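*Asks:* Here the protein sequences line up with chains C and B, keeping their order.
211 is the number that the entry's author numbering gives to position 12 of the first sequence; each next residue is one higher, with no gaps.
504 is the number that the entry's author numbering gives to position 8 of the second sequence; each next residue is one higher, with no gaps.
In this text, a Cβ means the ideal position worked out from N, Cα and C, and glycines have one as well.
First the structure, then my questions, so here it is.
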Amino acid sequence: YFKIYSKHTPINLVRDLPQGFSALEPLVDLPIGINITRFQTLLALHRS
Amino acid sequence: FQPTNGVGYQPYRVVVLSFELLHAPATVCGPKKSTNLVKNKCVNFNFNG
């Protein structure tokens, strides 16, 4: 089972993580049944 | 395949369903049958397992 928990928080701090409490709600459970040992973030470029 | 052929020569569409169980979580499940909800009585409830 792949559990994805998530939380959206409105912050106004410029640089670091804000200090506070926010419990993450469960968003989606995925029936994947596969081995996962590595991950990578996906970003977006800006072209002009 | 001609329409006037015998039943042993007429075309037959065949679909074979193969059921396997693997160590991955089983997700093709049969219908979850439900019955009407009855309130205010001592009943045996089965809610989502």
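Mind pulling the chain B residues with CB within less than 8 Å of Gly232/C?
*Replies:* Near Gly232/C (Cβ distances below 8 Å), the residues of chain B are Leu518, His519, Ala520, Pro521.
*Asks:* If you draw a straight line from the alpha carbon of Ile233/C to that of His519/B, how long is it in whole angstroms?
*Replies:* Answer to the nearest angstrom: the Cα atoms are 10 Å apart.
*Asks:* Find out if the Cβ-Cβ distance for the pair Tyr204/C, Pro230/C is shorter than 9 Å.
*Replies:* No, these two residues do not count as a Cβ contact at 9 Å.
*Asks:* Any Cβ of chain B within less than 9 Å of the Cβ of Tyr204/C?
*Replies:* Answer no: the Cβ-Cβ gap between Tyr204/C and chain B never drops below 9 Å.
*Asks:* Taking only the alpha-carbon atoms, compute the straight-line gap between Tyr508/B and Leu517/B and give it to the nearest angstrom.
*Replies:* So the alpha carbons of these two residues sit roughly 29 Å apart.
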